[PDB]
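Enquirer: Next up is a structure, given as structure tokens.
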Amino acid sequence: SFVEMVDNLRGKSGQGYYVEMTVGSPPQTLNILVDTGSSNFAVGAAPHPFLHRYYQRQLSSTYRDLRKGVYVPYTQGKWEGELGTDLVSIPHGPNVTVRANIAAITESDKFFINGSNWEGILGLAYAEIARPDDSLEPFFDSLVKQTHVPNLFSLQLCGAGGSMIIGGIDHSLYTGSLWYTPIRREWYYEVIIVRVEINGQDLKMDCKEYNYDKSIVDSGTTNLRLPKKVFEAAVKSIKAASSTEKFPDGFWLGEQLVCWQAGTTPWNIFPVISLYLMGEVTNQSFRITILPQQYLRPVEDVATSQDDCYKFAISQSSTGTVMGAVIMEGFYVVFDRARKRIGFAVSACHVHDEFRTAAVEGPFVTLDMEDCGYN
Ligand SMILES: CC(C)(C)c1cccc(CN[C@H]2CS(=O)(=O)C[C@@H](Cc3cc(F)c(N)c(C[C@H](O)C(F)(F)F)c3)[C@@H]2O)c1
Numbered sequence: 038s039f040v041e042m043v044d045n046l047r048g049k050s051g052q053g054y055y056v057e058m059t060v061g062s063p064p065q066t067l068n069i070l071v072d073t074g075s076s077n078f079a080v081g082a083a084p085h086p087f088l089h090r091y092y093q094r095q096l097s098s099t100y101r102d103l104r105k106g107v108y109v110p111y112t113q114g115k116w117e118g119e120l121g122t123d124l125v126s127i128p129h130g131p132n133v134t135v136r137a138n139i140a141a142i143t144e145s146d147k148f149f150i151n152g153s154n155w156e157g158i159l160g161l162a163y164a165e166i167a168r169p170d171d172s173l174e175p176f177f178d179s180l181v182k183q184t185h186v187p188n189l190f191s192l193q194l195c196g197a211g212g213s214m215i216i217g218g219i220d221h222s223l224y225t226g227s228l229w230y231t232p233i234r235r236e237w238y239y240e241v242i243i244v245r246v247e248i249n250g251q252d253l254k255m256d257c258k259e260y261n262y263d264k265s266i267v268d269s270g271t272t273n274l275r276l277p278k279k280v281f282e283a284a285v286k287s288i289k290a291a292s293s294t295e296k297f298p299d300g301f302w303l304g305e306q307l308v309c310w311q312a313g314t315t316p317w318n319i320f321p322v323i324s325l326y327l328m329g330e331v332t333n334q335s336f337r338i339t340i341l342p343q344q345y346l347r348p349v350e351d352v353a354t355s356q357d358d359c360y361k362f363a364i365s366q367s368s369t370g371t372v373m374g375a376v377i378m379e380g381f382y383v384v385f386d387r388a389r390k391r392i393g394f395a396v397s398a399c400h401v402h403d404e405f406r407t408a409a410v411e412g413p414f415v416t417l418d419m420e421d422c423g424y425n
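Those letters in the sequence shown? Residues 38 to 197, 211 to 425, per mature numbering (1 follows the signal peptide of the UniProt record, and there is no 0), in order.
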């Protein structure tokens, strides 16, 4: 039941959102990062300084060794491991147990994060980007094949963890309309952005620039990441709007804190960002609007806690546009694999203050018939 799956996530955008799973027989409990930006299921399987616990294959009588190895390099971080299959369950997810491929991580570099509280990663994207290749069936595909749960899941990520609902839409988790954008290609969850405004002002670029060389929805990474041209235009606009404030050296590079007296953050001087996504009907679109409460990410540190401090959670990308966790936060996001579309709606934990609120609005119509896809 969906009600049983509600509030089954913990974590933050900066260190990720994770769900409890078990592997092996008897079941071994682990916390697992929910990642729509990759397609491998992998768990720590050997001691590591940052791991509270790990998968012990010798203690699972249902483990089968595939006698093959696998290596996954992400944008930052990588691991190597041994492939096998075993029984996998989600205690606070669907009421089923399935046999799935598992990469047992034996070596890693900058993959595990000190204090994150997760020990593995659940790649929910498509087989096309699985390593070593597309013949390694991803977890969700196995789940659907073996249980015939409906082929979709939804994510409600919340800031200061959320819910992952498998098998159908929980209307309790959103208000207003659910708007759908087509999945352009089933590899990453690739989508098309047709227009970008910052505080109502159109960036006026050829819309293919917004999707150079792809745009994806990626719960596994923290920031909104933009292609250089779009990134520079966005920073220009946000800097202009907030000019009454002085920001530290390096703030706009995203790795320097800015702080304000507790409760005095000047939200109003930062603009809203509107991303218009391709609609299901030709040249119609809808927008999701992103507040500074989203793209200024709070950094929790007891040492700085006399004040409220933030990092700038928009980054220049070399891999195309990435709608990461700070973008997904506050929205109910439906990964409707069965109908090859992703839906957005305002969720119960959407960001807002007394003047402005995150929103999902449409339809909008566009005159120019250009295809905004880059490939
Ligand atoms: C298909 C594949 C080859 C896997 C590939 C290669 C490059 C980029 C991508 C796109 N998705 C990527 C984007 S990323 O590298 O920023 C995060 C990874 C998953 C990931 C790997 C890691 F180490 C670590 N710490 C984390 C934790 C995150 O940093 C946090 F903390 F959640 F924000 C997450 C995504 O999956 C996919």
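By construction, the Cβ of each residue, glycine as well, lies at the ideal position given by its N, Cα and C atoms.
Would you check whether ligand 1 has a heavy atom nearer than 7 Å to the C-beta of residue 51?
Expert: The residue labelled residue 51 in the question sits at position 14 within the sequence shown. Residue 51 Cβ: within cutoff of ligand 1.
Enquirer: Just to confirm, is the Cβ distance from residue 145 to residue 85 under 8 Å?
Expert: As a working mapping, residue 145 is identified with position 108 in the sequence shown. As a working mapping, residue 85 is identified with position 48 in the sequence shown. Cβ atoms of residue 145 and residue 85: closer than 8 Å.
Enquirer: Could you tell me which residues DSSP pairs with residue 402 in its beta bridges?
Expert: The count along the sequence shown starts at 1 and reaches residue 402 at position 352. According to DSSP, residue 402 bridges with 407.
Enquirer: Does the contact criterion of 3 or more C-beta pairs under 8 Å hold for the segment 133 to 144 versus the segment 73 to 80?
Expert: Counting Cβ pairs under 8 Å, three or more are found: they touch.
Enquirer: Under 7 Å: does the beta carbon of residue 264 sit that close to some heavy atom of ligand 1?
Expert: Working through the sequence shown from its first residue, we reach residue 264 at position 214. Checking every heavy atom of ligand 1 against the Cβ of residue 264, none is found closer than 7 Å.
Enquirer: Give me, in chain order, the residues of the same chain whose beta-carbon lies closer than 7 Å to that of residue 100; leave out the 5 immediate sequence neighbours on both sides.
Expert: Here residue 100 corresponds to residue number 63 of the sequence shown, with the count starting at 1. Excluding residues within five positions, the ones whose Cβ falls inside 7 Å are 61, 94, 121 and 123.
Enquirer: Considering only the alpha carbon of each residue, which of 151, 265, 414 and 377 lies closest to residue 424?
Expert: Residue 424 sits at position 374 when you count from the first residue of the sequence shown. When each option's Cα is compared against that of residue 424, the closest is 265.
Enquirer: Could you tell me the distance, in whole angstroms, from the CA atom of residue 313 to the CA atom of residue 404?
Expert: In the sequence shown, residue 313 corresponds to position 263, counting from 1. In the sequence shown, residue 404 corresponds to position 354, counting from 1. Each residue's Cα considered, the two are about 14 Å apart.
Enquirer: Can you name, in chain order, every residue of its own chain whose Cβ lies under 7 Å from the Cβ of residue 384, other than the five neighbours on each side?
Expert: By one-based count along the sequence shown, residue 384 stands at place 334. The residues are 189, 191, 219, 228, 392 and 393.
Enquirer: Helix, strand or coil, according to DSSP, for residue 138 in the structure here?
Expert: Here residue 138 refers to the residue found at position 101 when the sequence shown is read from its first residue. Note: residue 138 maps to strand in three-state DSSP.
Enquirer: Tell me, please, which residues DSSP counts as bridged to residue 347.
Expert: As a first step, residue 347 must be located in the sequence shown, where it is residue number 297. The partner list for residue 347 (beta bridge, DSSP) reads 361.
Enquirer: Taking 7 Å as the cut-off, is the beta-carbon of residue 279 closer than that to any non-hydrogen atom of ligand 1?
Expert: Sequence index remark: in the sequence shown, residue 279 carries index 229 (1-based). Because no heavy atom of ligand 1 lies under 7 Å away, the Cβ of residue 279 does not count as near it: no.
Enquirer: From the DSSP output, read off the bridge partner residues of residue 252.
Expert: To locate residue 252, count along the sequence shown from 1; it is residue 202. Per DSSP, 247.
Enquirer: Going by the C-beta, is residue 110 closer than 7 Å to any heavy atom of ligand 1?
Expert: The residue labelled residue 110 in the question sits at position 73 within the sequence shown. It does: the Cβ of residue 110 is within 7 Å (strictly closer) of some heavy atom of ligand 1.
Enquirer: Does residue 94 come out as helix, strand or coil in the three-state DSSP assignment?
Expert: Translated into the one-based positions of the sequence shown, residue 94 becomes position 57. Looking at residue 94 - three-state DSSP - the assignment turns out to be helix.
Enquirer: At a threshold of 7 Å, does residue 416 count as lining ligand 1 (C-beta to nearest heavy atom)?
Expert: If you number the sequence shown from 1, residue 416 lands on position 366. False, no ligand heavy atom lies under 7 Å from that Cβ.
Enquirer: Out of 232, 127, 358 and 83, state which residue places its alpha-carbon closest to the alpha-carbon of residue 335.
Expert: Here residue 335 refers to the residue found at position 285 when the sequence shown is read from its first residue. Closest by alpha carbon: 232.
Enquirer: Kindly confirm or deny that the segment 365 to 372 and the segment 335 to 351 touch, where touching means at least three C-beta pairs closer than 8 Å.
Expert: Segments in contact, no.
Enquirer: Compute the minimum distance between the beta carbon of residue 143 and the heavy atoms of ligand 1, and state whether it is under 7 Å.
Expert: Counting from one through the sequence shown, the residue named residue 143 turns up at place 106. No.
Enquirer: Whole angstroms are fine: how far does the CA of residue 225 sit from the CA of residue 235?
Expert: Stepping through the sequence shown from its first residue, residue 235 is reached at position 185. Stepping through the sequence shown from its first residue, residue 225 is reached at position 175. Whole-angstrom Cα-Cα distance: 28 Å.
Enquirer: Compute the Euclidean distance between the alpha carbons of residue 173 and residue 164, then round it to the nearest angstrom.
Expert: Locating residue 173 in the sequence shown gives position 136, where the first residue counts as 1. Locating residue 164 in the sequence shown gives position 127, where the first residue counts as 1. Residue 173 and residue 164: Cα-Cα distance of roughly 7 Å.
Enquirer: What does DSSP give as the partner residue(s) for residue 328 in the beta ladder?
Expert: Walking along the sequence shown from the start, residue 328 turns up at place 278. Paired residues: 335.
Enquirer: By DSSP's criteria, residue 68 is part of a beta bridge. Which residues make up the other side?
Expert: On the sequence shown, residue 68 is found 31 positions in, with the first residue counted as 1. Bridge partners of residue 68: 57.
Enquirer: Where does the unbroken beta strand (DSSP E) through residue 287 begin, and where does it stop?
Expert: For the purposes of this step, residue 287 is identified with residue 237 of the sequence shown, where counting begins at 1. Looking at the DSSP string, residue 287 is not in any beta strand (DSSP E); the run it does join, the alpha helix (DSSP H), is 278 to 291.
Enquirer: Given 8 Å as the limit, is there contact between the segment 350 to 358 and the segment 320 to 336, that is, 3 or more CB pairs closer than that?
Expert: Segments in contact, no.
Enquirer: Residue 97: buried (16+ other C-beta within 10 angstroms of its C-beta) or exposed?
Expert: On the sequence shown, residue 97 is found 60 positions in, with the first residue counted as 1. Residue 97 is buried by the Cβ-count criterion.
Enquirer: Does the beta-carbon of residue 157 have 16 or more other beta-carbons within 10 angstroms, so that it is buried, or is it exposed?
Expert: By 1-based counting over the sequence shown, the position of residue 157 is 120. Looking at its Cβ environment, which holds 16 or more other Cβ atoms inside 10 Å, residue 157 is buried.
Enquirer: Return helix, strand or coil for residue 233, following the three-state DSSP convention.
Expert: Taking the first residue of the sequence shown as 1, we reach residue 233 at position 183. Residue 233 falls in the coil class under three-state DSSP.
Enquirer: Decide if residue 56 is buried, meaning its Cβ has at least 16 other Cβ atoms within 10 Å, or exposed.
Expert: The residue you call residue 56 lines up with position 19 of the sequence shown. Answer is buried; the Cβ neighbour count reaches 16.
Enquirer: Given this structure, state the Cα-to-Cα distance separating residue 286 from residue 211, to the nearest angstrom.
Expert: Locating residue 286 in the sequence shown gives position 236, counting from the first residue. Locating residue 211 in the sequence shown gives position 161, counting from the first residue. About 32 Å.
Enquirer: Check residue 168 in the structure and name its three-state DSSP category.
Expert: Here residue 168 is taken as the residue at index 131 of the sequence shown, counted from 1. Three-state DSSP puts residue 168 in coil, outside helix and strand.
Enquirer: For residue 449, which option in 58, 52, 249 and 130 has the closest C-alpha, if you only look at C-alpha atoms?
Expert: Lying outside 38 to 425, the shown extent of the chain, residue 449 is not represented and no answer is given.
Enquirer: So the beta strand (DSSP E) residue 311 belongs to, where does it begin and stop?
Expert: Taking the first residue of the sequence shown as 1, we reach residue 311 at position 261. Per DSSP, residue 311 belongs to the beta strand (DSSP E) from 308 to 311.
Enquirer: Would you mind working out which of 410, 333, 348 and 179 sits nearest residue 421, comparing C-alpha positions?
Expert: As a working note, residue 421 is residue 371 in the sequence shown. For the residues 410, 333, 348 and 179, the minimum Cα distance to residue 421 belongs to 333.
Enquirer: Which whole-angstrom value is the C-beta distance of residue 44 and residue 153, which I expect to be below 8 Å?
Expert: Counting from one through the sequence shown, the residue named residue 44 turns up at place 7. Counting from one through the sequence shown, the residue named residue 153 turns up at place 116. Their Cβ separation, rounded to whole angstroms, is 19 Å, which puts residue 44 and residue 153 out of contact at 8 Å.
Enquirer: Should the segment 277 to 296 be called in touch with the segment 241 to 248, which here means at least 3 C-beta pairs below 8 Å?
Expert: Output reads yes: the segment 241 to 248 touches the segment 277 to 296.
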